[PDB]
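Below: the structure, in structure tokens.
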Amino acid sequence: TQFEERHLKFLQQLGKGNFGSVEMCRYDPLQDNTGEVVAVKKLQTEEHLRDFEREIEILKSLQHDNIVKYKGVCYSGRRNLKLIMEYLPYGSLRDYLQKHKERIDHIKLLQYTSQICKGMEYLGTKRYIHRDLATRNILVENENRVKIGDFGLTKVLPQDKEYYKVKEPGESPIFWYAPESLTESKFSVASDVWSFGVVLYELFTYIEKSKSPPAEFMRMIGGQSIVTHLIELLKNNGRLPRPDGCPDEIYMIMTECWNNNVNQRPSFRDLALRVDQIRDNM
Amino acid sequence: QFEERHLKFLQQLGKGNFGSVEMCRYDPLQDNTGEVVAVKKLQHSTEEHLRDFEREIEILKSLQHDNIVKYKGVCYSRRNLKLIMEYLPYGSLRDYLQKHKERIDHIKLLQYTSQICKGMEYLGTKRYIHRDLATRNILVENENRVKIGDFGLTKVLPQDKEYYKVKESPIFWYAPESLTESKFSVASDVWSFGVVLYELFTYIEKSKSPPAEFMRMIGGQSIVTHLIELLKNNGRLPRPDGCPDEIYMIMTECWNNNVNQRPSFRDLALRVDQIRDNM
Ligand SMILES: Cc1cc(Nc2ncc(C)c(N3CC(CC#N)(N4CCN(C)CC4)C3)n2)sn1
Ligand SMILES: Cc1cc(Nc2ncc(C)c(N3CC(CC#N)(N4CCN(C)CC4)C3)n2)sn1
């Protein structure tokens with residue numbers, strides 16, 4: 001489906017990053033305010049533009065209940081290139097949980113967790129490494145469905161290798177990053193699983209700022225970079241604490257996702273089953 | 001009977017305005033082999049406080065139950081009157097939960113909640129109003145048992161009334177009618193138990209404490225005046241993060257403005273047992 005810029009009407013800024021922005025837009029070829037509300041991603045260089053084109057190919061290739069729906073592209077055009085997606089009105093799982101936590105029980109968190117795993121399992125089947133797995137990059141469609149909503153750092157594994165080594169000088173979500181992603185820049189399914197452990201931690205802490213990954217890691221750390229301190233803390237088996245009231249089996253899952261050894265981390269297929277089972281037992 | 005000369009001070013456990021509890025060895029062989037006990041005494045021994053303490057001692061002596069700290073005896077030496085109790089080594093549920101939260105699940109909280117209800121149900125049968133139900137006044141015997149550990153404010157209901165009118169107070173634990181009229185009842189005990197439940201499911205987090213939350217809702221008049229207005233306007237403590245639906249619902253029913261619409265301790269015990277069984 002083709003989108004003409006002249007019919008793309010700006011409603012509201014949803015989120016701004018270092019290198020991106022997402023906007024709420026109405027696509028209104030009848031210019032009568034009846035056009036479909038959509039989400040529009042665009043840049044704020046030629047490197048970032050090569051990467052964005054890759055990001056667009058990646059999401060176009062994905063069709064799944066738990067991945068934000070690709071709708072199309074909108075060109076003036078490369079400087080003005082926009083990626084058009086469905087608009088999910090409840091926004092990020094991060095803001096939704098912050099807003100609505102007093103109505104979200106353990107059962108509901110486990111439903112969301114399971115859908116994250118299935119979205120991530122499907123990414124696995126394409127050999128795509130997300131590298132940014134966090135509740136801020138998960139959208140709420142409704143009370144009963146979440147989707148992975150951003151692929152801004154996602155990479156394709158080389159054909160004959162199980163990891164992608166990234167050489168980028170930009171800021172990184174280090175408190176979500178596996179030891180081997182920090183030390184060697186190696187991203188894999190296993191570094192995705194590490195990141196998922198912290199998503200689990202995010203959900204069961206109900207994203208309270210006092211218990212956030214940055215807050216907890218900085219408390220354990222106490223003349224070297226924060227990155228050096230984090231690496232040394234993780235090497236020494238420093239880990240995020242058990243969230244208050246987190247069930248035994250969900251903490252055990254967190255702890256296994258945060259194995260120093262890449263090869264000893266659970267699969268997304270195994271994680272989905274264990275989470276479904278913990279949920280069934282409640 | 002306990003002789004002061006054999007009561008050997010080990011450590012201060014806690015202090016209030018008018019009394020103190022100490023860890024002591026009772027050692028009549030003075031060889032360091034005597035049994036460790038808990039010893040309560042008055043900070044100021046006025047005649048009135050001493051009459052009250054004698055009442056407090058009779059109250060605990062009358063209580064024989066798995067979920068009430070064991071009375072062991074008294075120390076005369078009358079000005080220097082001491083109450084001797086068992087020493088529970090894990091201390092208050094408040095300090096235990098603060099320390100050990102990372103090893104305590106919802107199932108364990110519900111076990112403790114159930115045992116508090118049974119201790120409170122039994123107080124019921126004697127017509128005793130506790131008036132100080134809080135995790136700081138619950139002791140941990142071991143991983144699998146808690147007890148009500150203090151009866152410093154407890155009253156006996158008059159013969160012909162279902163309430164006692166008592167003319168600093170733990171106001172953030174106090175039922176509206178305790179704040180406005182000083183009326184204590186089993187229903188004000190239930191109100192207070194709601195806040196104990198709230199304490200447990202917030203894992204004694206300072207950021208989520210009753211004082212912290214109530215003062216956040218409030219913001220030239222007393223905190224007590226603002227609290228009464230907030231409670232009359234149906235202001236209430238929020239649902240603790242991940243508190244199960246049925247445990248929040250129980251909290252909310254304990255905090256009914258109407259005394260007569262609060263659950264019984266017998267009903268609370270059954271509902272909490274059942275929520276625990278269903279998990
Ligand atoms: C109020 C509200 C609703 C939102 N709905 C929405 N519907 C679709 C997408 C694609 C989307 N977004 C925000 C997103 C995060 C995710 N997933 N961006 C990524 C880029 N970041 C720089 C900012 C956040 C993609 N939001 S958002 N809020
Ligand atoms: C670490 C530890 C061990 C303790 N064990 C204990 N064993 C018996 C009693 C009676 C007791 N205590 C302290 C208590 C708290 C309650 N319930 N008092 C209530 C009166 N408050 C003014 C001060 C604290 C009764 N503690 S205590 N700590």
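Computed from heavy atoms alone, side chains included, the values below leave out hydrogens, waters and symmetry copies. Sequence lines set the chain letters: A, B, ... in the order given, protein chains first and strands last, and positions in each chain run from 1.
If you look at A/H229 and A/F217, their ring centroids are not closer than 6.0 Å. Checked against the 6.0 Å centroid threshold, A/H130 and A/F187 do not count as a close aromatic pair.
Looking at A/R274 and A/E249, no side-chain N of the basic residue comes within less than 4.0 Å of a carboxylate O on the acidic one, giving no salt bridge. Salt bridge absent: A/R50 and A/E47 never bring a charged side-chain N and a carboxylate O closer than 4.0 Å. Under the 4.0 Å criterion applied to side-chain N and carboxylate O atoms, A/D150 and A/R136 are not assigned as salt-bridge partners. Under 4.0 Å is where a charged nitrogen must lie from a carboxylate oxygen, and between A/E36 and A/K71 at least one such pair does. With respect to A/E180 and A/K165, no salt bridge is recorded, no charged nitrogen being found less than 4.0 Å from a carboxylate O. A salt bridge links B/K101 and B/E205; the closest N-O separation between the charged side-chain nitrogens and carboxylate oxygens is under 4.0 Å.
Counting heavy atoms from C-beta on, the side chains of A/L14 and A/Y87 come closer than 4.5 Å. Contact check for B/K208 versus B/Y203: no side-chain heavy atoms found under the 4.5 Å cut-off. Side-chain contact between B/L268 and B/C254 is present, with at least one heavy-atom pair separated by less than 4.5 Å. You'll find the side chain of B/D66 stays beyond 4.5 Å of the side chain of B/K118, heavy atoms only. In this structure, A/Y201 and A/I250 have side chains that are not in contact, with every pair of non-hydrogen atoms separated by 4.5 Å or more. You'll find the side chain of A/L8 reaches within 4.5 Å of the side chain of A/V38, heavy atoms only. Considering only heavy atoms from C-beta on, A/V199 comes within 4.5 Å of A/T135 through its side chain. Taking 4.5 Å as the limit, some side-chain heavy atom of A/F196 sits within range of a side-chain heavy atom of A/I116.
Listed by chain and residue number, nothing satisfies the salt bridge (charged side-chain N to carboxylate O under 4.0 Å, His left out) test with A/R26 (two or more places apart in sequence, or in another chain). In this view, A/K99 satisfies the side-chain contact (heavy atoms from CB on, under 4.5 Å) rule with no residue, not counting sequence neighbours.
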Pair A/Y112-A/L97, side chain to side chain contact (heavy atoms under 4.5 Å, CB included): steps then yes or no
CA-CA 11 Å; A/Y112 301 165; A/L97 230 214; 5.9 Å; no
Side chain to side chain contact (heavy atoms under 4.5 Å, CB included) between A/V189 and A/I129: does it pass, once the steps are laid out?
CA-CA 6 Å; A/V189 169; A/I129 311 310; 3.9 Å; yes
Applying side chain to side chain contact (heavy atoms under 4.5 Å, CB included) to A/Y96 and A/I104, what does each step give before you reach the verdict?
CA-CA 10 Å; A/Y96 184 79; A/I104 290 159; 3.7 Å; yes
Would you please test A/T228 and A/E232 for side chain to side chain contact (heavy atoms under 4.5 Å, CB included) and show each step?
CA-CA 6 Å; A/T228 303; A/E232 186 66 6; 5.8 Å; no
Take A/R127 and A/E162 through the salt bridge (charged side-chain N to carboxylate O under 4.0 Å, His left out) test and state the conclusion after the steps.
CA-CA 9 Å; A/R127 296 180 52 76; A/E162 295 328 286; 3.4 Å; yes
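Residue A/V262 comes nearest to A/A190 through the heavy atom pair O-CB, 3.4 Å, listed as atom of the first residue, atom of the second, then distance. Between A/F10 and A/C25, the shortest heavy-atom contact is CA-SG, 4.0 Å. Closest non-hydrogen pair, A/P266 versus A/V193, comes out as O-CG2, 3.3 Å. Listed here is the closest heavy atom pair of A/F52 and A/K41: CZ-O, 3.5 Å. Taking each heavy atom of A/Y164 and A/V156 in turn, the nearest pair found is CD1-O, 3.5 Å. Nearest approach of A/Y128 to A/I58, heavy atoms of both residues: CE1-O, 3.9 Å.
Atom CZ of A/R54 has more than 12 heavy atoms from other residues, nucleotides or ligands within 6.0 Å. Around the NZ atom of A/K9, the shell of radius 6.0 Å holds more than 12 heavy atoms that belong to other residues, nucleotides or ligands. Environment of CD in A/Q63: sparse, with no more than 12 heavy atoms of neighbouring residues, nucleotides or ligands closer than 6.0 Å. Surrounding OH of B/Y90 are at most 12 heavy atoms belonging to other residues, nucleotides or ligands under 6.0 Å away. The number of heavy atoms from other shown groups lying within 6.0 Å of CD (B/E143) does not exceed 12. More than 12 heavy atoms of other residues, nucleotides or ligands lie within 6.0 Å of CD in A/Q44, so this atom counts as buried by the packing criterion. In this structure, B/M249 places its CE atom where only 12 or fewer heavy-atom neighbours from other residues, nucleotides or ligands lie under 6.0 Å away. Surrounding CZ of A/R219 are more than 12 heavy atoms belonging to other residues, nucleotides or ligands, all under 6.0 Å away.
Between the A/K82 side chain and the A/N80 main chain, a donor and an acceptor come within less than 3.5 Å of each other. Without hydrogens or angle criteria, A/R239 side chain to A/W258 main chain gives a donor-acceptor distance under 3.5 Å. Not one N or O on the side chain of A/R94 forms a donor-acceptor pair closer than 3.5 Å with the backbone of A/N137. In this structure a side-chain-to-backbone donor-acceptor pair under 3.5 Å is present from B/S192 to B/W173. For A/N259 (side chain) and A/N261 (main-chain N/O), a donor-acceptor pair under 3.5 Å exists by modelled atom type. B/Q115 contributes no side-chain N or O that, together with a main-chain N or O of B/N67, makes up a donor-acceptor pair within less than 3.5 Å. With A/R242 contributing its side chain and B/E102 its backbone, the two residues share a donor-acceptor pair below 3.5 Å.
Rounding to the nearest 0.5 angstrom, the gap separating the CD1 atom in A/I207 from the OG atom in A/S92 is 7.5 Å. The distance from atom CD of A/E53 to atom CG of A/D51, rounded to the nearest 0.5 Å, is 9.0 Å. In this structure, A/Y70 OH and A/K60 NZ are separated by 5.0 Å, a value rounded to the nearest 0.5 Å. Distance check: A/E256 CD to A/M254 CE gives 12.0 Å after rounding to the nearest 0.5 Å. Distance CD/A/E202 to OG1/A/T113: 10.5 Å, rounded to 0.5 Å. Distance check, rounded to the nearest 0.5 Å: CG of A/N260 to CZ of A/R265 gives 7.5 Å.
A donor and an acceptor atom, one from each side chain of A/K108 and A/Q111, are located under 3.5 Å apart.
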Contacts under 3.5 angstrom, residues 275-282 of chain A side chains, donor-acceptor by atom type, not counting sequence neighbours:
residue: A/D276; atom: OD1; partner: A/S114; partner atom: OG; Å: 2.9
residue: A/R279; atom: NE; partner: A/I107; partner atom: O; Å: 3.1
residue: A/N281; atom: ND2; partner: A/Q277; partner atom: O; Å: 2.9

